[PDB]
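Residue numbers (the entry's author numbering), protein chains in the order written: chain B, 70 to 362, 377 to 447, 504 to 1066; chain A, 70 to 362, 380 to 448, 503 to 974, 979 to 1068. Every residue, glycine too, gets a C-beta built ideally from N, C-alpha and C. Before any comments, here is the structure.
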């Protein structure tokens, strides 16, 4: 017999008590999570240590499903663990807790996947993970950085279990009602009627007027109690205000603007309770405690640096390894240290760089060990992330650094960082024979990792993932659908890829194929499988497990998770079948785009009113406009559907499906899907003309409106995703070979905006988009300056500019290029500052030497063969006709003649010569 | 080493989960008790089973003491267990739960003492006990009978542990803040600041206006959800309404009359939620399942083995069992030797020596068969003031768990309460003879003696008194053992083991009566007083039960007594900061009745009536000014802290505090005496001022409440008006005081806040006369004699008591029938006819002779004579009346002559008026 719910509670309490926690009781006032319990929100504040564990019934009125959905609950049961300060081995304590539940962590696939917890109501945030057990989210795990808008010291670790989820996964039940609570009694027998009636209360019957006035009374009493220096009752009243607001929300009486003001009042009161609680603890003397904290130079040997971390997000692994390699190479150069090949490797738990054949000393001079002892700490410090965190010091990092391996040949490079000393020791796969190992020479590093089951090269990981998954899918007569985006994510969610094929119920094949593929890929990171013969989805998937796990266990686990996910999808689909897409569209007024911009419905009305002119500027025939406008009237209405509010990754897909299911046009349904493409780096692009028009218009509208709203992105904060929005816009225009007048269309949508848009806002957007086009072309493999020189003159049409960039990278290698460039550079350099040359017309009657008329005649013919819009080939070939005339001119004509009229005529001539490249490229940047 | 708080919680959850319970979570809304959690209140309804266990933080805003008191907490932690239906061995399961907490139940003294839980506002009640561990209450144990004003079927067993107290005595710490919650952190470090800040919120800073409005909105929302057929949210809002009310109460804004309105609103909502929940479980199909239900003569022994019965129930049940068994043995012609009944809290027994094997022939069957069909009726006849069900519809004081019935070597086989009789019994729990069998009825007693039980109650009483007085000798002292306390201790044990323990000499500074009442009433201890100085020694005797460890039990009892005495020391210090007269104004916070006002109004009415009542009682007028002073302080102690926490000290404390303030011992004694008698068997007021105070207060209650409509009319006498009137007539008869009931009642009426009509006076007179009647008839006087007297002399109860006694003596004279007849004949004659005598109209000589004899006997017979003078003078009429009747014709023709003779007969028949109405007598 498998574990019962109350058995799980008892075992978690016993376990965490054996580690030194106090097993407490739940809040006797309604909280949405154990985090809101004073045992968490207040006790993380100040320096006093705090190690506690308690069950918490968490009440989220928004999740009321009357018990009808197999997994959604207005009351679920968290197990809340706070450890303060961080003991340093919190992950291991949690895995030990799992074993205490009878779980075999070796056979199961326990994964730490990025998920950062934050709370506006509480003014709190941290960084950490969601923990998957065989693909089931069972625990949120967080290093708390800030609470009550106060920075935290020491940092606490929060481990929050979802007991319903864990029991459903361990018992293998598909509905929460059938969880074994104790022998003979199921979860449903105790709680289904509660779920039913409490849902009825939260969604339909609660008196919203009295509850709003009660919210006000609670605010007033909280302020009163704070002013009386009584934080405990005051925060109690803050919790009551939060529950009241949650009920007003679930009843649907929080308007879209009121929401932020409500959160602001709750946050203000919470910050005040926090500061008052800290003052109170201070006045008490912090009674629970306080917190604190030669020979003959030899041959070049290999140098290995490995920073071991707790699981980093994939983006963080990529960018950390890039930065580490660049920084180390630069420092090695600046320190006269020579070396061979340099290669960097990454992994959720490790960042490594290998320098082959690193010299023992510098040129001209200390040993490399000394130089590195002093430069490596600031190299690691130099690594930066969009989000970092403290854990036991002032040092920040994406996730905690737990070991540091640094070896030059046979010798440790000694240094400290983040309170970690360097050594010759590393960690393998958890719960394995080489969970800890030591390497006695850098040249033995990779070998030893290979002996520990870790494939540290991300490309070898890609190859094994793909090869093994394809073998598995061929075994059932199928092919994996494994886009590179998802493969890239999976590569950095594992260290020892182990693909495993599992099955799902064929009943779910009755769901739309795009729905199953999206659920699989974007929510479970599974590879779908399609038949090699029929071209249809086989009821199969591949999961890339990590480590030496038991195939059978992991398979059944993930199978149960996927069944639950498809059941959620089926539930919300059936909920949507009753209405028709047009009925949903009016509920776009329930979603804020931005306070000073309006709802998604305001946004759509804007899009409708600009879509036809965007179409004409794209040069699509005047005959597709009606349909475009038609599609514009139904765009992103699926944002209001239940399925998309549950699965945000189905926007566009569901608009298409619910449109076809209404007999609407195939091309209109495709337009409704295309307006969202590309959805992510790797996605496909809109390919149908009205889809192109819709997508382009929506991106222009977001850009102009958000930039005029002051949401111009920064180096690290782009909450609205403007950078990828602009990148995708230029990508859409290039891939579909669409000529565009960027400034014209941006002014076009600038007129439709609810706010006033300046010419300066439009110029801001044009520059932002141009820089993303530069990024694109330097990412597709075009030289930097060759791109800049083109974009200076042709950025206003992204597709023409792209073409021109490629053509001049061809130009760049053709022998004549340098001579054409010099030909144009000399007149440009001479006429700099002499605006007189731009103010005069050349007067051929002022010529004095035949070389002047020769140059003038040649210029006039070349000006005829060169227009703004010409291809580079014609430009270069026509510029060839100036070479000899210009050489003759510069050998026999004195440019700075002492007669002002002749000198000015000569400057004007050189000015017209230098003006030919205008609107093609600016050779002032080219080599 | 020692158990921590959280290990106690884990061990309790683990034990009750191992028994089949489901371990739940605490309420996520503030509840004052685990009982209030819907897991109990709602779930005990309907036939569905329910076995649950959960920790419940209970929030009592009035218990806010800022963490300074070592026991009273605005937030304490109960452990709640509900077993439904009753498995039948809940006491055993609870004792096992104690063992799972590390408690050695053999060495400790674990006692089930009567304490029947009830929550009027939740419409719920049950019968059961509070569990004492070496004297300290640790657990409430209740068989729930009714919840939400609805009868329960099947009955649930509720077990509520007080965790703070349990850990405090398991850890040997006398302040909650020093409980080891876990290794390294004390209870204080986690909760003292919470106690401080929440105490401030609940007592001084909570917004009472918004909490009032929130109570109203909560009642509105509960109503709305009730009409929508949603019991769960409705009940949630009832809970929130209760917590809001409690905060209003602790803030001090619930007026003394307002409280009843609040109480009714809360109870109405709770009852409605309970009814809707029952309907909803019915509409759901009760998904959890439904409850289902020749020979030489030989000694006979019957033993009904029960769970712990209250002392009074033991006494009364043994009396009833003996009586009924004797009667049906006689009515069934079964001859037998002597019969003796025995009893302990756990056993009711009757031993019939030499019961015949067969009926006397006068269908003469074997004795075992007739007893087989008769004994269930005998057991079913035993009635108690309070009864309860457990497995069926049969009711008893506590559950019957076994039945032992042996006639010689043979089991008398029958069935009762789902229990089949046998030869098995139960000894002391946790003993080698906790289960034993008896082979021969004649071996029953000896067997109990070897199980260590003293089943004879006089035997128990003698060993208790002896061993306690020996321990008291050991310290040069004597035991204070009033008969009532001893009676109770007799039936709190079944193997008595007296133990002496000490308390601190500081407490000797507290008044004698406080020390004694706290010892006797609350702990059931024997005080010890010095044989030399007569003053109290710092010693006590507690009578433990069973083969306990003397050291453990003594120490636990000493800790409990120290705690109680520290509370008394604190409250006495508070009380002696004001004069007793300064407490009197707080009697306005105690209602007497919504129509009659508060206790302050009642005492003002007493002090405006006390002097005229004294004169009506014939008190020395020079005592009147003291009497009045007494009434100006009477019952002032009800608002003191000592009495508020120790309610048995009312009157006693007014006496002590008056003495302290400098008042006479006479006045102070009157202050204690206004309350007597406080119960049947209590002492009476003996001093004149105390008698006056008691009489006046009782008259005031009677007149005011009868004017208010509270006259009983049936078995429901909530105000105790019957007991009040009984005590009043006893104060008069016992102190030989003459009194005019009617003028005193009128006097008291003119002072009431409501209009008292003459009919109210007449009805109170009739009611009090009826109590006087039952009292005299309880004492042995013939009902007809009592009625004869009370028709004429009830307005003075003491005179009527006198007259009924002496007239009952008269009733056994040989002259009695003669005087009754001599008054009967003329009276019957004239009492159907529809009144001066003119001697000029006399014709015959017997006429004049009768007139003469009557005139003389009349100047001897007056309203107010004794009965001897009545008899002796009336004797002088016997022969004159005979001669008048044989020689004179009343129904004469001459109307004036006839009506004159009739008038003479009327004068003769009107002599007994004021003495007794002879028409009700046997013979008239």
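Among the candidates the options, whose CA atom is the shortest distance from the CA of residue i?
i              : options                    : result
residue 245(B) : 606(B), 142(B) and 518(B)  : 142(B)
residue 578(B) : 71(B), 590(B) and 564(B)   : 564(B)
residue 531(B) : 1008(B), 125(B) and 158(B) : 158(B)
Within the continuous beta strand (DSSP E) that includes residue i, where are the two ends?
i              : result
residue 202(B) : 193-202
residue 637(A) : 636-642
residue 120(B) : 119-128
residue 542(A) : 540-547
residue 183(A) : 179-183
residue 301(A) : From DSSP, residue 301(A) is part of no beta strand (DSSP E) but of the alpha helix (DSSP H) over 300-319.
residue 74(A)  : Element bounds for residue 74(A): not the beta strand (DSSP E) but the alpha helix (DSSP H), 74-87.
If you run the structure through DSSP and keep just helix, strand and coil, what is residue i?
i              : result
residue 697(A) : helix
residue 260(B) : helix
residue 248(B) : coil
residue 350(B) : helix
residue 680(A) : strand
residue 426(A) : strand
residue 134(B) : coil
residue 508(A) : helix
residue 432(A) : coil
residue 992(B) : helix
Among residues of its own chain, excluding the 5 on either side of residue i, which ones have a beta-carbon nearer than 7 Å to its beta-carbon?
i              : result
residue 629(A) : 604, 664 and 683
residue 570(A) : 174 and 175
residue 601(B) : 626 and 630
For residue i, collect the residues of the same chain with a Cβ closer than 6 Å to its Cβ; drop the 5 residues on either side in sequence, then sort them by chain order.
i              : result
residue 388(A) : 436 and 545
residue 729(A) : 325
residue 84(B)  : 166 and 169
Check for me: the alpha helix (DSSP H) holding residue i runs from which residue to which?
i               : result
residue 285(A)  : 277-296
residue 1043(A) : 1039-1053
residue 108(A)  : 107-110
Which residues, taken in chain order from the stretch 345-362 of chain B, show a beta carbon closer than 7 Å to some beta carbon of chain A? Listed by position along the chain: 356 and 357.
Got a sec: which bits of the stretch 91-124 of chain B sit with their beta carbon under 7 Å from any beta carbon on chain A, in order along the chain? Answer set for the stretch 91-124 of chain B: 91, 92, 94, 95, 96, 97, 98, 99 and 124.
What are the residues of the stretch 266-277 of chain B that lie near chain A, defined by any Cβ-Cβ distance shorter than 8 Å? Along the stretch 266-277 of chain B, the positions whose C-beta sits under 8 Å from a C-beta of chain A are 266, 267, 269, 270, 274, 275 and 276, read in chain order.
Where the stretch 404-434 of chain A meets chain B: residues whose CB sits under 9 Å from a CB there: Residues: none.
Closer than 8 Å, Cβ to Cβ, to anything on chain A: give me those residues from the stretch 599-629 of chain B, in chain order. Going along the stretch 599-629 of chain B in chain order, one finds no residue with a Cβ nearer than 8 Å to chain A.
Check distances from the C-beta atoms of the stretch 237-258 of chain A to those of chain B and list, in chain order, the residues that come in under 9 Å. Against chain B - using a Cβ distance shorter than 9 Å - the residues of the stretch 237-258 of chain A are 250, 251, 252, 253, 254 and 258.
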